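Next comes just one chain, in structure tokens: the form deposited in one PDB entry.
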């Protein structure tokens, strides 16, 4: 007769930090997308949304870039994205990144005609 408490563990506990699955995503993707050459780009974000949607962002809410010259845009709705941050022990040419899967709004700078993202500003 399984105890109600033990039942809770079997059904709801998994401290083995699930997300581990893609723990080396940043490590791999940060290498293939040639962003570890010479030095390790400290921070980087990946948007797993449809290229169309990201592009449609250019026609959303206009906002300032964390710079000082207006040209950035924030998404109406949030998008699945992956955050890659250089880890502590990381050392070129053996970069090491931490992978974090989140869902926030994105802010990009657009340009050209038609307008397309040309710069990734930040998220939230």
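We call the rigid core whatever largest set of C-alpha positions still superposes within 1.5 Å between the two forms. Residue numbers count along the first chain shown, from 1. Residues that one form lacks are left out of the comparison.
Q: Using only C-alpha atoms and the B-factors in the entry, which stretch averages higher, 112 to 120 or 21 to 29?
A: That would be 112 to 120.
Q: Highest mean C-alpha temperature factor of the two stretches 88 to 96 and 30 to 38, which is it?
A: Mean B over CA atoms: larger for 88 to 96.
Q: From 69, 82, 78, 50, which pick has the Cα B-factor that tops the rest in the entry?
A: Within the set 69, 82, 78, 50, 69 shows the top C-alpha B-factor.
The form deposited in another entry is left out here; the points below concern that form.
Q: If we fit on the core, is the Cα of residue 103 displaced 2 Å or more between this form and the one not shown?
A: The answer is no, as the C-alpha of residue 103 shifts between this form and the one not shown by less than 2 Å after core alignment.
Q: Since the C-alpha distance between residue 19 and residue 28 changes by 3 Å or more in that other deposited form, give its direction relative to the shown form: closer or farther.
A: Those two alpha carbons end up closer in that other deposited form.
Q: Closer or farther apart in that other deposited form, the C-alpha atoms of residue 88 and residue 20, for a change of 3 Å or more?
A: Farther is correct, given that in that other deposited form the C-alpha spacing of residue 88 to residue 20 is increased by at least 3 Å.
Q: Core fitted, what stretches of 3+ consecutive residues have C-alphas moving by 2 Å or more between this form and the one not shown?
A: The segment that shifts (3 or more residues, C-alpha shift of 2 Å or more) is 1 to 21 alone.
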